[PDB]
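# Architecture and fold: a report
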Amino acid sequence: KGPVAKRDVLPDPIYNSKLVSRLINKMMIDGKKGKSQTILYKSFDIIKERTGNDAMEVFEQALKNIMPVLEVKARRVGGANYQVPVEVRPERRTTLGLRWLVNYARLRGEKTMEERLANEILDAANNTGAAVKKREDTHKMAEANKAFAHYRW
Amino acid sequence: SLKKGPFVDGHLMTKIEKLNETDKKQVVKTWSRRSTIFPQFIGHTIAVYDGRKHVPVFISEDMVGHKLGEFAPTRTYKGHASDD
Amino acid sequence: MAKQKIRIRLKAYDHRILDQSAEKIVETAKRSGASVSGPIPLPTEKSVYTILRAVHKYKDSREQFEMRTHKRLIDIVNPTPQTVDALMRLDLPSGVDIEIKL
Amino acid sequence: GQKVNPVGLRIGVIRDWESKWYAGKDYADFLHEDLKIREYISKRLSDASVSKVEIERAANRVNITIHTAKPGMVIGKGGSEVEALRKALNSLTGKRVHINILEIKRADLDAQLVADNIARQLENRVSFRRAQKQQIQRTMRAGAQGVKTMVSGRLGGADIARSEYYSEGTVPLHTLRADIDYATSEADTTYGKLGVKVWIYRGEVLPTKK
Amino acid sequence: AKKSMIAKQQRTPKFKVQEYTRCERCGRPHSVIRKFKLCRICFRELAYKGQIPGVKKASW
Amino acid sequence: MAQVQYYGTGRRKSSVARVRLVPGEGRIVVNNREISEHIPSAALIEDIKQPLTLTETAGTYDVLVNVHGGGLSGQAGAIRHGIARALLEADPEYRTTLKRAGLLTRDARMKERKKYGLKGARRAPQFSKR
RNA sequence: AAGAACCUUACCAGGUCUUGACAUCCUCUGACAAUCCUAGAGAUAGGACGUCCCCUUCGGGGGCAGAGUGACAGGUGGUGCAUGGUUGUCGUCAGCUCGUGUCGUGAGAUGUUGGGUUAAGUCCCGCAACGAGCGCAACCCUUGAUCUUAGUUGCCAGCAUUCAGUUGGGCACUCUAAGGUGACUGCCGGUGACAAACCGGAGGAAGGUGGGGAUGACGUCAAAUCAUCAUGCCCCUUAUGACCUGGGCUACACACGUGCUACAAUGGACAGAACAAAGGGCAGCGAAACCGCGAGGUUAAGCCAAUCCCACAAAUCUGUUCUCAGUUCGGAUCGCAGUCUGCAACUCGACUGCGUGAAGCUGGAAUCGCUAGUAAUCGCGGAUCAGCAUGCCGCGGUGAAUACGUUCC
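Residues numbered from 1 in each chain as written, not as in the entry; some residues may be left out. Chains lettered and ligands numbered in written order. Part of a larger assembly, values for the part shown. Heavy atoms only, no water. Residues with missing side-chain atoms left out of burial classes, pairs and counts.

As stated in the entry header, the method of structure determination is cryo-EM and the reported resolution is 3.9 Å.

Shown next as C-alpha cells:
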C-alpha cells in the first residue's frame, strides 16, 4: 500500500495556470476537451462582458471562497451514524470546491451553460449562491458536532 | 414479396383452373399455405392445413394479396388462468 | 531504361521454412547470375480465432488460436537462362508458396 | 482446466507440427486427406504400432514419413508390405506417394509407445499400480531427466471411480524450453474404459546461432 | 441420429440453399466455422494435436 | 541539398510524425497546412509548440512536418514529441534542461487489447448474486 | 446458440418404409447412373427414352446397383450417482507434497516454524534438520528505444512531373520483417549483521517482477457435458429407427437476468471542413459510369490482392438555426408503398420511402464495474453467414475523477 504518485496536469495556455486545466478536467463530459475548451473561453468572455474585472482574480477569490475548512466523515461505531469533523486536505479542498461548483452550476437552469457558470462563479465571488450555501452547511455539520472528533477517533 | 411475382406452387393453379372452367367443386384441402390468393381463385373455399386440423376458408373479393394460410392461425388461445 | 523483370514471390506460415526457402531460392540466383535483389519484408497478415473452452456452457472462458501469413519478394535484373534451368529443381521446402512472374 | 495439454504449448517454440504444408486454394482438402491418412495409420496402429507419422506436401506430392519401434512390421519380407500399403494409399490420395520409415533408438523413451504399452497391459488386466511401477522402472532404464505418468477411470473394477499417478525426476510443464513429450491412450476393459496419460521430460533445449 | 444426419447432408439437397456446413471428423452440426469446415471442439482437439502453423496461442 | 536541417521522428499511440527544423521565420507547417488551420483553434497546438518555448526561447526555426495515423490530438502530440526530439538533435547541450522538462520518451502506451468476457478490456458488464 | 422462414430439429400433426436413410459378410445377377412423362403436398410409385464400361483363354478383377438371407446396422433412447475425454470454481491465491533423518506408545510432528524482506514457500539469516518434486518466478509472445541486413505493390525528404507518389528518380525517412542492442538494484548515496531487501538520486526509450497476454500447483464442488466424440450397463426395433409436407423451437395474463435507445441546449437539425487502425475478398470483393428520393438496380474496370475492392471513418471543429417544452426532445407502435436474399419472406427475415409520433423530462428499496490510456464515450471490421448480429470477438478515435486509509463489508 502506501501513498500513490499522482500526475501533474499539462498547464492550460490561458490563463497559464494548471488549476484552470483542473477545471478543464472537471467540467468535461463524454471525454471532450474541446467542449470544455469552448465553455471555458466563452466563460472568460462572459465574465469580461458583465461587471468588468480580471477573470483570474474573480476566479481565484471564488475558489478561495468555495473551499471548506473542515469536513465530517460518517462512521457507524454503534447505533445510528456518527460523523467525525476533520481539517480538509487542500487538494481535497479544491476538489470539493470545483465539484460542488460544477454540480450547482449544472442545475442553475439558465438557457446558456456558460452564463450560468458565470453567475455561479460570481456567486462564489459574492459569498452567495448554492455553492457557498453548501460550504456553509458543511460548516454547520462541522464545529457544532466536532466534540466526538476532538482528539479521539 | 417482390416482383414478377406472387408465387403459387403451381398445382393449385391448374386445380383452381379446372375447378373454374367446370364441375364447380367446393371444399378442398391443401398443405401448401404459402400460395397467394388470385383473382381467378375467387369464391372458392379451401381447407387450410394448419397442422393439427384443416380449417375451411371462404374467399371474399376483398382478399387477394394476403397469404392463403395467413387466415388460419396455428396458435391456440390463450391460454390463461383467472380471466376477469 | 525501365524494363519488365522476373519477380519471384514467396509465402508461408512458418518463417524458418520461409527464409530458409528464401536463402535456397536466392542461392540459385547468385550462381550463374547477376545483381540478385534481397528478400524484402512484407507486412504479413494473421487470422485470429476465438473458441470456447468447455464442451457445453461457460462461454466466459475461451482461447485465441491464430494463423499468421508471412510474405516476401525477390528480384533479379538479369533473366540469365542458365539459372532459370537451374531453377526448375527445388529439393526444399515442401511447405512454400513460390510464384514466378515477369 | 484444470490441466492444459503441454502438447498444445510445446509446438512452435520447441517442436515441429506433425503435419506441415501450405495452402492454398483448398486448405480443407489437404487436411481431409491427411486426417484420412491418420485414419488408416490408426488401422496400422493395431499391431505394427507407431509413435508418430510426419507429413509434408507440395502440390501433387506427399511425404508421409513414419517412425516406429518395430520397422520390419510394416516392411514385411522382401518389402512387399510397404509396397502394398503404398498402393492402398495411392488408391485413396489420388496422387503420387512414397511412405518413409524410421527406427527410433531407445523406443521406450517415447511417450506414445510406453502409453500404448501400459494401455495394452491394462487390457491384460494386470494390476495398474504394478504396471505403473514397471513403467517408471522401464523409463528409468531408458534414462531421462524426469518422467511422470497417470491413469484414470475404473481401476481393477473396484469402486465407482479412481485416479492415480506416479512420477520421478523434474517434470516442469511451465518451462517453455522443457521439450516435454506428451501422450494419451484409451484402454477398453469390460468394466469400462481406462484413461491413460504420460509426460516425458527429455530435457531443456539450448538455442543455437551462426 | 448423427449417421442419419450426415447421410442427409452428403446426399444432394433438393435445393442448393439447404447445404449447411459440417466437419468430417465429427457429425455434430451447428457452430462449425465455414472457412475450415471444422468443429469448434474438432478444431480444439486438433489444435492441441497441432495441425497448422503457427503460434498459438494468444499473441498480439 | 540546401541549408542544413535537423529532423526527429516522433510517434504516439500509433500516430507517427516526421519533423524538419529548417531555419527561417518559424511558422509551422503540418501537411502543407498551418497549425492555426490544420487543427482549429485549438490552444492545445500551443502545447504542441511549448517545448521550443521552454528551451531558452527563441530561435525560431521553421518546421516542415509530415504526420500520419491516429486522431488529431494524437498526431499533434506526435508533432510535439517530434519537434522535441529534433530539438534534442539540435545541440547536445540542451538535453540537460530537457531532463527537467521531461518531454521526450514517448511512453508507448495505447489502448489495451480486449479480454474475452470483457467489453472494455477490463470492464465487466454485470454481476448479480442469486 | 460463431445465425430456428424451409433445412437445421431433436419435438408435434398428417402422409409413407422395415436387413432398412447409414456400414460390412454371404449367395447372386448385372455396369453403376440418369432423360422426361403420369398420379401425388412432398415422400415416392406407374411408364417409355435410356444405361449394358473397364482388365481376363474364360474360372475371374473392379467399384456399384438390384434380389433374397441370416447376421447386423440404427437411437439427439435412459444412466455425467459407471466413465474416458473436455471445462468451470476458489485462483494466477501461494501454497500442496516427497526422499532421508530426528522426535512421539500411537495417530502425527519436524523440514514448510522463527527474524528481516517480497506480488510470491521471493530472497536472506538462524533453527534438528539437509535436500528434492509440483507451482509462483524465469524461460515465450505482444508493445515501446535503437542498430544492422533487406527496399516492392509500400515510402516522398532532397530533385524535376502531374488532377493524383502519379511518373522519372530517390530506396535517405516513414513503413515492413529477420538477426542484434537494451534493465540486471547495476551505478552512486543512505538504511540494514558488512545478508536479503527497501528508499532517494544519476544514467537511460522504457526501472526496480516496465505495460499487456499466454503460462491455472496438489485439490475442493459425486460441479457441467451420455447431446461433440468414445462408451460400461439397461431398454426399443415393420420402431425410442428412416423418408416427407406443414407446424413448433419466436407461445403470453406476467416475473426475473442481460443489452440497446432515449428522456435533450456540453443539446437537436442543416451546411462546410478534418484525423484512423485493424480485418476480409475469386461459388468473392465488386470500383467507376448510369437509372431510382431512398433501398438498391443496370452495366462493368480492377483485384488471388503492401497494387485493386469492401470504404465513407465517426465523435470533433467551423458557422447557420431552434431558446427550455412531452419539445425541431426521443423514437415506440402501426398503416401504405417499395427493396435485398431465397423454390418460397403468412406464421417467423432484413432494409428503404412515406405516413402515424407510445412511454419516458435522470428512476424507490437495492445493486455493478473500473487505479490511466483504466473508467467515459464515438465509429470500424470480423468470426457466424443464401438472407438475418442491439449478441460475441477484435480494431482504432476522443479520453478523465480519485486512492486519506484498513475503522467497517
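### Details of the overall build of chain F
Across its full length, chain F carries 4 helices and 5 strands. In sequence order, chain F lays out its α and β elements as β-β-β-β-α-α-β-α-α. By the compact-globule yardstick of 14 Å for 130 residues, chain F is too spread out, its C-alpha radius of gyration being 18 Å. Overall size of chain F, expressed as C-alpha extent along the three principal axes, is 75 × 35 × 30 Å. The contacts in chain F between residues at least 6 apart in sequence include a share of 74% that link residues at least 24 apart. (Helix = DSSP H or I, 4+ residues; strand = E, 2+ residues; numbered from the N terminus. Rg over C-alpha atoms; globule rule 2.2 N^0.38 Å. Contact = heavy atoms within 4.5 Å.)

### Digging into the overall build of chain D
Tallying secondary structure elements over chain D gives 6 helices and 7 strands in all. In sequence order, chain D lays out its α and β elements as α-β-α-β-β-α-α-α-α-β-β-β-β. Taken over the C-alpha atoms alone, chain D extends approximately 50 × 50 × 35 Å along its principal axes. Intrachain contacts of chain D at a sequence separation of at least 6 include 46% that bridge at least 24 residues.

### Some points on the sheet that holds strand 3 (residues 28–30) of chain F
Residue and element names in this part refer to chain F. On the basis of which strands lie adjacent, the open sheet formed by 5 strands has the order 1-2-5-3-4 and mixed pairing. Lying at the two open borders of the sheet, with one neighbouring strand each, are strand 1 (6–11) and strand 4 (33–34). Here strand 3 pairs with strand 5 (residues 62–68) via 3 bridges, running parallel. If you follow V30 over to strand 5, its bridge partner there is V65. (Pairing = 2+ DSSP bridges.)

### Focus on unusual backbone geometry
Of note, the amide linkage connecting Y77 of chain B to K78 of chain B takes the cis form, showing an omega dihedral of 0 degrees. Considering the arrangement of structural elements, one finds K78 of chain B in the segment after strand 3 (54–58). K56 of chain E follows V55 of chain E through a cis peptide bond whose omega is 5 degrees. Relative to the elements of secondary structure, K56 of chain E occurs in the segment after helix 2 (40–49). Phi at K24 of chain B is positive, roughly 55 degrees, even though this residue is not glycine.

### Some thoughts on the sheet that holds strand 2 (residues 52–56) of chain D
Residues and elements named next belong to chain D. Pairing is mixed in the open sheet, where 3 strands are placed in the order 1-2-3. The sheet is open, and its two edges are formed by strand 1 (19–20) and strand 3 (65–67), each paired on a single side. Bridging between strand 1 and strand 2 involves 2 bridges; their strand directions are parallel. Bridge pairing in strand 2 links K20 to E56.

### Observations regarding the pairing of strand 1 of chain F
Both strand 1 of chain F and strand 2 (residues 16–22) of chain F contribute to a ladder of 6 bridges, which runs antiparallel. The residue of strand 2 of chain F that forms the bridge with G8 of chain F is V19 of chain F.

### Describing the arrangement of the chains
Contacts are most numerous between chains C and E, taken over all 4 pairs of chains that touch. Chain B makes no contact with chain F; the smallest distance between any of their C-alpha atoms is 29 Å. At no point do chain D and chain F touch; the closest pair of C-alpha atoms across them sits 16 Å apart.

### So, the UniProt feature "domain: KH type-2" in chain D
Listed under "domain: KH type-2" in the UniProt record, and renumbered for this structure, are residues 37–105 of chain D. Counting secondary structure, residues 37–105 of chain D comes out at 38% helix and 12% strand; the distance between its end C-alpha atoms is 25 Å. (UniProt positions renumbered as here; feature names shortened; annotations may be inferred.)

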